[PDB]
Structure formats: C-alpha cells, structure tokens
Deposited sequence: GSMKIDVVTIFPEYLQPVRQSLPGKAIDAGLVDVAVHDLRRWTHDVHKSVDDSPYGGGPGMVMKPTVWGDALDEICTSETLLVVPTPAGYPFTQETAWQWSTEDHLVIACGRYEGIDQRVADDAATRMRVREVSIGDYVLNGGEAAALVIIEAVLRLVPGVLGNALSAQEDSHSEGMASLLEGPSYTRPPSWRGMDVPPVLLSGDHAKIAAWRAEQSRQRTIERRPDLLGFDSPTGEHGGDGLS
C-alpha cells in the first residue's frame, strides 16, 4: 500500500530515471517516497574516502565498513528490509518482487568496485532483515542499475504507483496487413475458444524454443 525507499550510492545521479518515472499523484497521495543519498556524506576524511585495499590481496578495492556502517545506522531501523544488490546474491525473481511489494521501508545499498566489506551486511543481519540478491547472470559495474530494476519490478506491484510459468506468445495490432505480413487470421475469426488455444500453442512453442528450463 504505502512504501518508503532509501537508496544509498556514490553516484546519486544514476538514480535520475526513478524521479523521472514516478507519477506525482502517488507522491501527493503518499503511496510512495523515494530518497537517494550520497554515501560520501558519511565519510570521515577530507578526501571523502569510501574504498580501500582488500585484505588477502586481490584486484580492485573494497568499500569501507566504517562509512557504510555510519550511513545504514542513520537510515535503517529494525523494521527496515535492507536490500544489497550483488553479483553473488540469491536470484531476484517475480516472487521476490511480489513479497517485497508489501514492505514499508526498503533500503538499497549500492556498492561499487569489488563491493562492500562483508561485515556491514553481517552486522546489519543481527538486527534487521537483510537480502543479498542478483538481478541476472551477467556482470555490472555496481548495484545502481540493479536498484533501478528492483525498484521498478516492485513498485509496479504496488497498486496505482507506476500508473499501470510459460512465456507469452506474440501480439498484433493495426494495420491488419503490413509489409506483406498479415495478422494471423485466427485472431480475426471471432472464435474466442480457438483464439485462446492458438495463443496457448504459441506460448508452449516459444517456451520450448527459448526457455526449455521452465519445463
């Protein structure tokens, strides 16, 4: 019904698409509020450091636990669901989105470099729900794009917020003939049992060809 979302990142500008797809009606009606915070507001040094060399060697830097611990303490309560995009996470699916759609406070912690010191989430887990998730089997530069996906998948399940087993088959609209390609005639037959069956066969077929693992 109602939901607050805090996003924490060192590139707040990458979250612009969210401000751009949120309807004013939902914000006015207080269905949703989305804040973005610059992690660097919680650094301790004049150089505004967020990253440091990894214990045990290895390429790339790791984000500092001290800075992240500062930010999460301020933003989180014991009622928060802390969401941490990560290339080593549990799969984010539609089931996940559905379950999170009923939460009242999401915090999304977007890391960069090789990620965030593990102690941050371990510590968080001793007093709030914490979920390490990945949005798909590919590698990104950080968690900001993942957050865009997660926020969208979830918010569109919250009634009136974004204004909206087998693979879906093909869709068709006007004109009935275009570049020598006619809309499949069954779709114009006015026989709605035949149409439903024809769509089901397309669906089964496409699913076999594209996602045989759903079977």
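- No C-alpha positions are given for the deposited-sequence stretches 165-178, 230-244.
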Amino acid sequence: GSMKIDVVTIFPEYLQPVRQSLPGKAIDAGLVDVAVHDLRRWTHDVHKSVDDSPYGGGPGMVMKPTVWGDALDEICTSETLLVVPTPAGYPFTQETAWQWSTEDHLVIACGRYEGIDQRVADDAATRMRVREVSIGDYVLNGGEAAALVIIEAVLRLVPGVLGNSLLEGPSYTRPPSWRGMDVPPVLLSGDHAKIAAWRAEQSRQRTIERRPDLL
From here on, numbers count along this sequence of modelled residues.
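Each form is matched to the other, and the largest set of C-alpha atoms that superpose within 1.5 Å is called the rigid core.
- The higher RMS C-alpha distance to the shown form in 9 other deposited structures of this protein, out of 71-79 and 106-114, belongs to 106-114, with every structure fitted on the core.
- Displacement analysis by core superposition in 9 other deposited structures of this protein ranks 10-18 above the other of 10-18 and 192-200 in root-mean-square C-alpha distance from the shown form.
- In the other compared entries of this protein that model both flanking residues, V36 has coordinates in every one, well short of a third left out.
- Compared with other deposited structures of the same protein, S171 does not meet the criterion of being unmodelled in at least one third, since all of those that resolve residues on both sides include it.
- Averaged over Cα atoms, the B-factor as recorded in the entry is higher for 51-59 than for the other of 51-59 and 146-154.
- In this entry, 12-20 shows the higher mean Cα temperature factor of the pair 201-209 and 12-20.
- The entry lists C-alpha B-factors for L187, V36, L166, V67, and the highest of these is at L166.
- Of all the options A88, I75, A125, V139, the entry's greatest CA B-factor is assigned to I75.
- Looking at the C-alpha B-factors along this chain, the one for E114 belongs to the highest third.
- Compared with the other modelled residues of the chain, the Cα B-factor recorded for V7 ranks in the lowest third.
- Sort the modelled residues of the chain by CA B factor and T43 lands in the highest third.
- Among the modelled residues of its chain, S101 has a C-alpha B-factor that falls in the middle third according to the deposited record.
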